[PDB]
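Asker: FYI, the authors' numbering numbers position 141 of the sequence shown as 180, with every residue one higher than the one before it. All C-beta atoms, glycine included, are put in the ideal place defined by N, C-alpha and C. Supplied in structure tokens, the structure appears directly below.
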Amino acid sequence: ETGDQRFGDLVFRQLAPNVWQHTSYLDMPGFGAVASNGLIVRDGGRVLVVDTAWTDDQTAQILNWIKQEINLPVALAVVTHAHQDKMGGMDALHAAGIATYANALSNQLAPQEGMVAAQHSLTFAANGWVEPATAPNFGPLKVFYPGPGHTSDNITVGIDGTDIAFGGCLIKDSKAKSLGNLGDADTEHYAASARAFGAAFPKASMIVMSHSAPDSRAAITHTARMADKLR
Ligand SMILES: CC1=C(S[C@@H]2CN[C@H](C(=O)N(C)C)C2)C(C(=O)O)=N[C@H]1[C@H](C(=O)O)[C@@H](C)O
Ligand SMILES: [Zn+2]
Ligand SMILES: [Zn+2]
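Right under this line is the structure:
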């Protein structure tokens, strides 16, 4: 909290020399404030964004913080699946002229989920790794599709050069008691998808997720075992 920095309704936390976690909150009746995490990556003389905030205005505040504190242009953005906490601020990115990327399935689902689709579609090989031709100049971002879990389109990102792997809403923390929203979840494949994420980034010691503070690899293990009980 003390290393933490605030801009508007947003909170920013530095996880690494070139990596920040952005956190936004949405008021949801019945629960109140719900936190959603994303990533900001500085790669040379440009900035890469992983996931939007809940809303356009909150996403706009991300961009202005980046402008004020990092003072580098945002080259691209990648969203991890077609839900509001990750894709709710797509209009703000496009208004700023930022190239946006997402799983082709996410872009296909986006209208059904009330989301604005990304400009470009990512495709993946059978082993889960992104097809390089669909993700040009992603720098240190290593995009990996672990398979159907939280949703059928969820993707994960590793930051090369760091110990950081981003699991999005697929991974819950090691002391969680639930897997959250299983409304659009694949109950049979979730456990294997979680373990595939861990195997894709075997050297990652800091696991960043959407709705919890950065945890260890225990978050991956715990998430898988909770998903085992789904089958
Ligand atoms: C609602 C949001 C949730 S629930 C989230 C899970 N951990 C938080 C929680 O309930 N605690 C353990 C404090 C809230 C999830 C999720 O668990 O993946 N994602 C979003 C929703 C969703 O992706 O299904 C929508 C709003 O994006
Ligand atoms: Zn989701
Ligand atoms: Zn979520």
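Helix or strand or just coil, what does DSSP make of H61?
Answerer: Along the sequence shown, one-based indexing puts residue 61 at 22. Residue state, collapsed to three classes: strand.
Asker: What residues in its chain sit with their C-beta under 6 Å from that of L102, if we drop five residues either side in the sequence?
Answerer: Sequence index remark: in the sequence shown, residue 102 carries index 63 (1-based). So the qualifying residues of the chain are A135.
Asker: Indicate whether residue 274 and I203 have their beta-carbon atoms separated by less than 7 Å.
Answerer: There is no way to answer for residue 274, as the model of the chain reaches only from 40 to 270.
Asker: Starting from the N-terminal end, write out each residue whose C-beta falls within a distance shorter than 5 Å of any non-hydrogen atom of ligand 2.
Answerer: Those residues are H122 and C208, given in chain order.
Asker: Whole alpha helix (DSSP H) runs in the segment 133 to 176 with 4 or more residues, listed along the chain?
Answerer: 143 to 148
Asker: So, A116 versus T139, is the Cβ gap smaller than 7 Å?
Answerer: As a first step, residue 116 is located in the sequence shown; it is residue number 77 there, counting from the start. As a first step, residue 139 is located in the sequence shown; it is residue number 100 there, counting from the start. Against a cut-off of 7 Å, the Cβ pair of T139 and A116 comes out as a contact.
Asker: From this set, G219, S160 and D267, which residue's C-alpha is nearest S75's C-alpha?
Answerer: Along the sequence shown, read from residue 1 onward, the residue named residue 75 stands at position 36. Comparing Cα-Cα distances from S75 to each of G219, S160 and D267, the minimum goes to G219.
Asker: Counting C-beta neighbours from all protein chains within 10 Å, is the total for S232 16 or more, i.e. buried, or is it exposed?
Answerer: Within the sequence shown, the letter at position 193 stands for residue 232. With 16 or more Cβ atoms within 10 Å of its Cβ, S232 is classed as buried.
Asker: What is the DSSP secondary structure of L102, counted as helix, strand or coil?
Answerer: Position 63 of the sequence shown, counting from 1, holds the residue named residue 102. DSSP places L102 in helix when its eight states are reduced to three.
Asker: Considering only heavy atoms of ligand 3, does any lie closer than 6 Å to the CB of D225?
Answerer: For the purposes of this step, residue 225 is identified with residue 186 of the sequence shown, where counting begins at 1. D225 Cβ: outside cutoff for every heavy atom of ligand 3.
Asker: What number of angstroms, rounded off, separates the C-alpha of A156 from the C-alpha of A143?
Answerer: Counted from its first residue, the sequence shown places residue 156 at position 117. Counted from its first residue, the sequence shown places residue 143 at position 104. When rounded, the distance between both Cα atoms is 9 Å.
Asker: Could you say if the segment 58 to 78 and the segment 245 to 255 meet the contact criterion of at least three C-beta pairs nearer than 8 Å?
Answerer: yes
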